[PDB]
file protein-v5.cif (mmCIF, N, CA and C atoms)
data_entry
loop_
_atom_site.label_atom_id
_atom_site.label_comp_id
_atom_site.auth_asym_id
_atom_site.auth_seq_id
_atom_site.Cartn_x
_atom_site.Cartn_y
_atom_site.Cartn_z
N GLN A 1 -15.13 64.15 -15.14
CA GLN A 1 -16.03 63.06 -14.81
C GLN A 1 -15.41 61.70 -15.11
N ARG A 2 -14.91 61.55 -16.34
CA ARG A 2 -14.36 60.27 -16.79
C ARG A 2 -13.02 59.93 -16.14
N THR A 3 -12.39 60.87 -15.44
CA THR A 3 -11.09 60.59 -14.85
C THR A 3 -11.23 59.77 -13.57
N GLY A 4 -11.90 60.33 -12.56
CA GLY A 4 -12.03 59.64 -11.29
C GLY A 4 -12.96 58.46 -11.32
N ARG A 5 -13.95 58.47 -12.22
CA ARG A 5 -14.87 57.35 -12.31
C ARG A 5 -14.25 56.15 -13.01
N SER A 6 -13.26 56.38 -13.88
CA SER A 6 -12.53 55.28 -14.50
C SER A 6 -11.29 54.87 -13.73
N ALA A 7 -10.73 55.77 -12.91
CA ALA A 7 -9.58 55.39 -12.09
C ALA A 7 -9.93 54.32 -11.07
N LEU A 8 -11.11 54.42 -10.45
CA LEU A 8 -11.50 53.44 -9.44
C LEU A 8 -11.84 52.08 -10.03
N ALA A 9 -12.06 52.01 -11.35
CA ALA A 9 -12.38 50.74 -11.98
C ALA A 9 -11.23 49.74 -11.89
N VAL A 10 -9.98 50.21 -11.89
CA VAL A 10 -8.85 49.30 -11.76
C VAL A 10 -8.88 48.59 -10.42
N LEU A 11 -9.06 49.35 -9.34
CA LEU A 11 -9.20 48.77 -8.01
C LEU A 11 -10.45 47.93 -7.86
N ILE A 12 -11.55 48.31 -8.51
CA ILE A 12 -12.76 47.50 -8.49
C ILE A 12 -12.50 46.13 -9.11
N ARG A 13 -11.88 46.12 -10.29
CA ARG A 13 -11.54 44.87 -10.96
C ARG A 13 -10.52 44.06 -10.17
N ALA A 14 -9.59 44.72 -9.48
CA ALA A 14 -8.63 44.00 -8.65
C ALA A 14 -9.31 43.33 -7.46
N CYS A 15 -10.17 44.06 -6.75
CA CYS A 15 -10.78 43.52 -5.53
C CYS A 15 -11.82 42.45 -5.84
N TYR A 16 -12.68 42.68 -6.84
CA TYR A 16 -13.71 41.70 -7.15
C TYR A 16 -13.14 40.41 -7.73
N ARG A 17 -11.86 40.41 -8.12
CA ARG A 17 -11.22 39.18 -8.57
C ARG A 17 -10.31 38.58 -7.51
N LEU A 18 -9.76 39.40 -6.62
CA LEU A 18 -9.08 38.86 -5.44
C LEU A 18 -10.07 38.17 -4.51
N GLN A 19 -11.34 38.57 -4.55
CA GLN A 19 -12.36 37.86 -3.79
C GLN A 19 -12.57 36.44 -4.31
N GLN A 20 -12.42 36.24 -5.63
CA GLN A 20 -12.64 34.92 -6.21
C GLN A 20 -11.38 34.07 -6.22
N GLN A 21 -10.20 34.70 -6.30
CA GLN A 21 -8.96 33.94 -6.31
C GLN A 21 -8.77 33.17 -5.00
N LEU A 22 -9.15 33.76 -3.87
CA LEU A 22 -9.11 33.05 -2.60
C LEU A 22 -10.15 31.94 -2.53
N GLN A 23 -11.33 32.13 -3.14
CA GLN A 23 -12.31 31.05 -3.19
C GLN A 23 -11.79 29.86 -3.98
N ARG A 24 -11.12 30.13 -5.11
CA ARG A 24 -10.56 29.04 -5.91
C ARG A 24 -9.51 28.27 -5.13
N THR A 25 -8.65 28.96 -4.38
CA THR A 25 -7.70 28.27 -3.52
C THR A 25 -8.40 27.51 -2.40
N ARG A 26 -9.52 28.03 -1.89
CA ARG A 26 -10.28 27.31 -0.87
C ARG A 26 -10.80 25.99 -1.41
N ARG A 27 -11.34 25.99 -2.63
CA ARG A 27 -11.91 24.76 -3.18
C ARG A 27 -10.83 23.82 -3.71
N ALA A 28 -9.86 24.35 -4.46
CA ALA A 28 -8.86 23.50 -5.09
C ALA A 28 -7.92 22.84 -4.10
N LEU A 29 -7.70 23.43 -2.93
CA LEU A 29 -6.81 22.86 -1.93
C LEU A 29 -7.51 21.93 -0.95
N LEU A 30 -8.84 21.85 -1.01
CA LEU A 30 -9.59 20.91 -0.19
C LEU A 30 -9.90 19.60 -0.89
N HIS A 31 -10.07 19.62 -2.21
CA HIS A 31 -10.31 18.40 -2.97
C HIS A 31 -9.02 17.67 -3.30
N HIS A 32 -7.87 18.22 -2.92
CA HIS A 32 -6.57 17.59 -3.13
C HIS A 32 -6.04 16.90 -1.87
N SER A 33 -6.16 17.54 -0.71
CA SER A 33 -5.74 16.90 0.53
C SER A 33 -6.69 15.78 0.94
N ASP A 34 -7.96 15.87 0.54
CA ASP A 34 -8.87 14.76 0.74
C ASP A 34 -8.40 13.51 0.01
N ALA A 35 -7.76 13.67 -1.15
CA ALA A 35 -7.13 12.52 -1.80
C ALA A 35 -6.02 11.94 -0.94
N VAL A 36 -5.26 12.79 -0.25
CA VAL A 36 -4.22 12.30 0.65
C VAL A 36 -4.84 11.50 1.79
N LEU A 37 -5.92 12.02 2.37
CA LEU A 37 -6.60 11.30 3.44
C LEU A 37 -7.17 9.97 2.96
N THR A 38 -7.76 9.95 1.76
CA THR A 38 -8.28 8.72 1.19
C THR A 38 -7.16 7.71 0.95
N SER A 39 -6.00 8.18 0.47
CA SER A 39 -4.86 7.30 0.27
C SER A 39 -4.36 6.73 1.59
N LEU A 40 -4.32 7.56 2.64
CA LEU A 40 -3.91 7.06 3.95
C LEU A 40 -4.87 5.99 4.46
N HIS A 41 -6.17 6.23 4.33
CA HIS A 41 -7.15 5.23 4.74
C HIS A 41 -7.04 3.97 3.89
N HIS A 42 -6.76 4.11 2.60
CA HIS A 42 -6.54 2.95 1.74
C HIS A 42 -5.33 2.14 2.20
N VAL A 43 -4.23 2.83 2.54
CA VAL A 43 -3.05 2.14 3.04
C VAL A 43 -3.37 1.37 4.31
N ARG A 44 -4.12 1.99 5.23
CA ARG A 44 -4.54 1.24 6.41
C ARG A 44 -5.45 0.07 6.04
N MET A 45 -6.29 0.24 5.02
CA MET A 45 -7.18 -0.83 4.58
C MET A 45 -6.40 -2.00 3.99
N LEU A 46 -5.20 -1.74 3.46
CA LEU A 46 -4.33 -2.85 3.08
C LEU A 46 -3.95 -3.71 4.29
N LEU A 47 -3.96 -3.12 5.48
CA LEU A 47 -3.69 -3.88 6.70
C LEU A 47 -4.98 -4.22 7.43
N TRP B 1 36.46 -61.73 -16.44
CA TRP B 1 35.69 -62.42 -15.41
C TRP B 1 35.62 -61.62 -14.12
N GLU B 2 34.77 -62.10 -13.22
CA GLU B 2 34.54 -61.48 -11.92
C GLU B 2 33.66 -62.40 -11.08
N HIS B 3 33.74 -62.26 -9.76
CA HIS B 3 33.04 -63.13 -8.83
C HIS B 3 32.40 -62.32 -7.71
N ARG B 4 31.22 -62.76 -7.29
CA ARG B 4 30.54 -62.20 -6.12
C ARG B 4 29.47 -63.18 -5.68
N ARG B 5 29.00 -63.00 -4.45
CA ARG B 5 27.86 -63.77 -3.99
C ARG B 5 26.57 -63.17 -4.54
N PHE B 6 25.45 -63.83 -4.25
CA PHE B 6 24.18 -63.41 -4.83
C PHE B 6 23.06 -63.68 -3.85
N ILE B 7 22.04 -62.83 -3.86
CA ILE B 7 20.82 -63.05 -3.11
C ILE B 7 19.64 -62.90 -4.07
N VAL B 8 18.75 -63.88 -4.06
CA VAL B 8 17.64 -63.90 -5.01
C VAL B 8 16.58 -62.89 -4.58
N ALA B 9 16.15 -62.06 -5.52
CA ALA B 9 15.12 -61.05 -5.27
C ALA B 9 13.76 -61.69 -5.48
N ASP B 10 13.27 -62.37 -4.45
CA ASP B 10 11.97 -63.02 -4.48
C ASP B 10 10.90 -62.09 -3.92
N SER B 11 9.66 -62.30 -4.37
CA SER B 11 8.54 -61.52 -3.87
C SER B 11 8.24 -61.80 -2.40
N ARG B 12 8.79 -62.87 -1.83
CA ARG B 12 8.58 -63.17 -0.42
C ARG B 12 9.49 -62.38 0.50
N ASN B 13 10.45 -61.63 -0.04
CA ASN B 13 11.34 -60.81 0.78
C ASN B 13 10.58 -59.61 1.32
N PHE B 14 10.15 -59.69 2.58
CA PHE B 14 9.42 -58.61 3.24
C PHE B 14 10.31 -57.97 4.30
N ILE B 15 9.77 -56.93 4.94
CA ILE B 15 10.50 -56.19 5.96
C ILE B 15 9.53 -55.85 7.08
N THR B 16 10.03 -55.88 8.32
CA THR B 16 9.21 -55.70 9.52
C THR B 16 9.75 -54.56 10.36
N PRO B 17 9.23 -53.35 10.20
CA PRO B 17 9.61 -52.25 11.08
C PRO B 17 8.85 -52.28 12.40
N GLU B 18 9.30 -51.45 13.33
CA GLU B 18 8.69 -51.32 14.65
C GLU B 18 8.12 -49.92 14.80
N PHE B 19 6.88 -49.84 15.28
CA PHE B 19 6.34 -48.50 15.48
C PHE B 19 6.19 -48.19 16.96
N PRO B 20 6.56 -46.98 17.37
CA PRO B 20 6.28 -46.55 18.74
C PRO B 20 4.78 -46.42 18.98
N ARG B 21 4.40 -46.59 20.25
CA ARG B 21 2.99 -46.55 20.62
C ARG B 21 2.38 -45.17 20.37
N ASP B 22 3.16 -44.11 20.53
CA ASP B 22 2.69 -42.74 20.32
C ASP B 22 3.15 -42.17 18.98
N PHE B 23 3.55 -43.03 18.05
CA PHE B 23 4.09 -42.58 16.77
C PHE B 23 3.02 -41.89 15.93
N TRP B 24 1.83 -42.49 15.83
CA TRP B 24 0.80 -41.95 14.94
C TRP B 24 0.06 -40.77 15.54
N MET B 25 0.19 -40.51 16.84
CA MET B 25 -0.44 -39.35 17.46
C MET B 25 0.51 -38.15 17.44
N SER B 26 0.92 -37.78 16.23
CA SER B 26 1.83 -36.68 16.01
C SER B 26 1.06 -35.43 15.59
N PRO B 27 1.55 -34.24 15.95
CA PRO B 27 0.90 -33.00 15.52
C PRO B 27 1.08 -32.68 14.04
N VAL B 28 1.75 -33.55 13.29
CA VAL B 28 2.01 -33.32 11.88
C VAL B 28 1.12 -34.19 10.99
N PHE B 29 0.99 -35.48 11.31
CA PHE B 29 0.01 -36.31 10.61
C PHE B 29 -1.41 -35.82 10.81
N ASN B 30 -1.72 -35.24 11.98
CA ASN B 30 -3.07 -34.80 12.32
C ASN B 30 -3.12 -33.28 12.14
N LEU B 31 -3.60 -32.84 10.98
CA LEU B 31 -3.65 -31.43 10.63
C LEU B 31 -5.08 -30.94 10.50
N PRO B 32 -5.40 -29.76 11.05
CA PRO B 32 -6.74 -29.20 10.87
C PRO B 32 -6.91 -28.64 9.47
N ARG B 33 -8.14 -28.21 9.18
CA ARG B 33 -8.45 -27.70 7.85
C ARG B 33 -7.81 -26.34 7.60
N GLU B 34 -7.46 -25.61 8.66
CA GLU B 34 -6.84 -24.29 8.53
C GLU B 34 -5.76 -24.15 9.59
N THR B 35 -4.52 -24.00 9.16
CA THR B 35 -3.39 -23.84 10.06
C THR B 35 -2.88 -22.39 10.02
N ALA B 36 -2.03 -22.04 10.99
CA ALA B 36 -1.51 -20.69 11.08
C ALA B 36 -0.32 -20.44 10.15
N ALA B 37 0.28 -21.50 9.60
CA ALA B 37 1.39 -21.32 8.67
C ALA B 37 0.95 -20.54 7.45
N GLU B 38 -0.25 -20.82 6.95
CA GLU B 38 -0.79 -20.03 5.84
C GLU B 38 -1.12 -18.61 6.27
N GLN B 39 -1.65 -18.45 7.49
CA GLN B 39 -1.95 -17.11 7.98
C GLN B 39 -0.70 -16.25 8.03
N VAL B 40 0.44 -16.85 8.36
CA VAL B 40 1.71 -16.13 8.31
C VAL B 40 1.98 -15.63 6.90
N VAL B 41 1.78 -16.49 5.90
CA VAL B 41 2.08 -16.12 4.53
C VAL B 41 1.16 -15.00 4.05
N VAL B 42 -0.11 -15.03 4.45
CA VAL B 42 -1.03 -13.95 4.08
C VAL B 42 -0.65 -12.65 4.77
N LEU B 43 -0.39 -12.71 6.07
CA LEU B 43 -0.15 -11.50 6.84
C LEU B 43 1.17 -10.83 6.45
N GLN B 44 2.20 -11.62 6.16
CA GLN B 44 3.46 -11.05 5.68
C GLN B 44 3.26 -10.34 4.34
N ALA B 45 2.50 -10.96 3.43
CA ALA B 45 2.23 -10.33 2.14
C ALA B 45 1.44 -9.04 2.30
N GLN B 46 0.46 -9.03 3.21
CA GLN B 46 -0.30 -7.80 3.44
C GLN B 46 0.59 -6.70 4.02
N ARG B 47 1.49 -7.06 4.94
CA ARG B 47 2.41 -6.07 5.49
C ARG B 47 3.33 -5.51 4.41
N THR B 48 3.86 -6.39 3.54
CA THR B 48 4.71 -5.92 2.45
C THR B 48 3.93 -5.06 1.45
N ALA B 49 2.65 -5.35 1.24
CA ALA B 49 1.83 -4.50 0.38
C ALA B 49 1.65 -3.12 0.99
N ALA B 50 1.34 -3.07 2.29
CA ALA B 50 1.24 -1.79 2.99
C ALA B 50 2.55 -1.02 2.95
N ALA B 51 3.69 -1.71 2.99
CA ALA B 51 4.98 -1.02 2.92
C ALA B 51 5.13 -0.23 1.62
N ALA B 52 4.80 -0.84 0.48
CA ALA B 52 4.91 -0.13 -0.79
C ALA B 52 3.82 0.92 -0.96
N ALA B 53 2.62 0.64 -0.45
CA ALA B 53 1.58 1.67 -0.44
C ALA B 53 2.02 2.89 0.35
N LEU B 54 2.82 2.70 1.40
CA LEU B 54 3.33 3.84 2.16
C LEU B 54 4.22 4.73 1.30
N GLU B 55 5.12 4.14 0.52
CA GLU B 55 5.96 4.94 -0.38
C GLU B 55 5.14 5.62 -1.47
N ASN B 56 4.14 4.92 -2.02
CA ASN B 56 3.27 5.57 -3.00
C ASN B 56 2.56 6.77 -2.40
N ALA B 57 2.02 6.62 -1.19
CA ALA B 57 1.37 7.73 -0.50
C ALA B 57 2.34 8.85 -0.17
N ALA B 58 3.58 8.51 0.20
CA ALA B 58 4.58 9.54 0.48
C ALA B 58 4.89 10.35 -0.77
N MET B 59 5.05 9.68 -1.91
CA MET B 59 5.35 10.44 -3.12
C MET B 59 4.13 11.22 -3.58
N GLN B 60 2.92 10.75 -3.23
CA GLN B 60 1.72 11.53 -3.49
C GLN B 60 1.66 12.79 -2.63
N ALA B 61 1.96 12.66 -1.34
CA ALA B 61 1.78 13.73 -0.37
C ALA B 61 2.99 14.65 -0.26
N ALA B 62 4.09 14.36 -0.95
CA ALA B 62 5.23 15.26 -0.93
C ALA B 62 4.94 16.61 -1.57
N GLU B 63 3.84 16.74 -2.30
CA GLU B 63 3.50 17.99 -2.97
C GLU B 63 2.74 18.97 -2.08
N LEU B 64 2.35 18.57 -0.87
CA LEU B 64 1.63 19.48 0.01
C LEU B 64 2.41 20.74 0.34
N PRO B 65 3.70 20.69 0.71
CA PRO B 65 4.46 21.95 0.84
C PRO B 65 4.67 22.67 -0.48
N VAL B 66 4.54 21.97 -1.61
CA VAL B 66 4.78 22.59 -2.91
C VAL B 66 3.53 23.31 -3.41
N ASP B 67 2.36 22.70 -3.22
CA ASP B 67 1.12 23.28 -3.72
C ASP B 67 0.75 24.59 -3.02
N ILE B 68 1.24 24.81 -1.80
CA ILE B 68 0.86 25.99 -1.05
C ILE B 68 1.65 27.23 -1.48
N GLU B 69 2.91 27.06 -1.88
CA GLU B 69 3.75 28.21 -2.21
C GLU B 69 3.23 28.96 -3.42
N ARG B 70 2.92 28.25 -4.50
CA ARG B 70 2.53 28.87 -5.75
C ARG B 70 1.08 29.33 -5.77
N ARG B 71 0.30 29.03 -4.73
CA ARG B 71 -1.03 29.59 -4.58
C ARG B 71 -1.04 30.86 -3.74
N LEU B 72 0.04 31.14 -3.02
CA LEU B 72 0.11 32.33 -2.17
C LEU B 72 1.03 33.40 -2.75
N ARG B 73 2.17 33.00 -3.32
CA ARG B 73 3.12 33.98 -3.83
C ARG B 73 2.56 34.90 -4.92
N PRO B 74 1.84 34.42 -5.94
CA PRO B 74 1.30 35.33 -6.95
C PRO B 74 0.23 36.28 -6.44
N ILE B 75 -0.29 36.05 -5.23
CA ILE B 75 -1.24 36.97 -4.62
C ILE B 75 -0.48 37.91 -3.69
N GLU B 76 0.61 37.41 -3.09
CA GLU B 76 1.48 38.27 -2.29
C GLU B 76 2.11 39.36 -3.14
N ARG B 77 2.61 39.00 -4.32
CA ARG B 77 3.15 40.02 -5.22
C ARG B 77 2.04 40.89 -5.79
N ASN B 78 0.82 40.35 -5.89
CA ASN B 78 -0.31 41.15 -6.34
C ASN B 78 -0.64 42.25 -5.34
N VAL B 79 -0.63 41.93 -4.04
CA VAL B 79 -0.91 42.93 -3.02
C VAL B 79 0.22 43.94 -2.93
N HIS B 80 1.47 43.47 -2.97
CA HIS B 80 2.62 44.36 -2.92
C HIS B 80 2.82 45.09 -4.24
#

call {"tool": "encode", "arguments": {"input": "protein-v5.cif", "output": "structure tokens"}}
result
Amino acid sequence: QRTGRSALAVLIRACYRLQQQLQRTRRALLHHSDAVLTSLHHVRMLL
Amino acid sequence: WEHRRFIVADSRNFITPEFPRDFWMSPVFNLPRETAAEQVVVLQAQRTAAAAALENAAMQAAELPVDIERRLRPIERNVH
């Protein structure tokens, strides 16, 4: 009982955290390029 | 000793210049409240400010190819 029910826990922990690692990249990479866009608009605002 | 002639510096010594009829109607004596010479100085300074802002933005944005590699590789090795 404890063999197969604990073996799948490794893959469960891997998948339920790979689901969140992509979300973190989704959020962290959007609030950084927006700074690039704001800087570009600021540079144009200098002109 | 020494010798020279002399002319007395009296207050009656005046001078009489001649003025052209169109002398005072010059584009330099008659200046508006705002000329374009100053606008040149402002616009050149703004262009030079934008030039340095461009380099600041370039050094800011040079990390875009860098930020993507280290967010994908540790997941690529995770899958493999």

call {"tool": "interface_residues", "arguments": {"input": "protein-v5.cif", "of": "chain A", "to": "chain B", "cutoff": "8 Å", "atoms": "all atoms listed in the file", "output": "list in words"}}
result
residues 25, 29, 33, 35, 36, 39, 40, 42, 43, 44, 45, 46 and 47 of chain A

call {"tool": "atom_distance", "arguments": {"input": "protein-v5.cif", "atom1": "atom CA of residue 22 of chain B", "atom2": "atom CA of residue 39 of chain B"}}
result
28.8 Å

call {"tool": "atom_distance", "arguments": {"input": "protein-v5.cif", "atom1": "atom CA of residue 74 of chain B", "atom2": "atom CA of residue 22 of chain A"}}
result
11.5 Å

call {"tool": "select_by_dssp", "arguments": {"input": "protein-v5.cif", "residues": "segment 27-56 of chain B", "states": "helix (DSSP H, G or I)", "output": "number ranges by chain"}}
result
B: 36-56

call {"tool": "atom_distance", "arguments": {"input": "protein-v5.cif", "atom1": "atom CA of residue 66 of chain B", "atom2": "atom CA of residue 31 of chain A"}}
result
15.7 Å
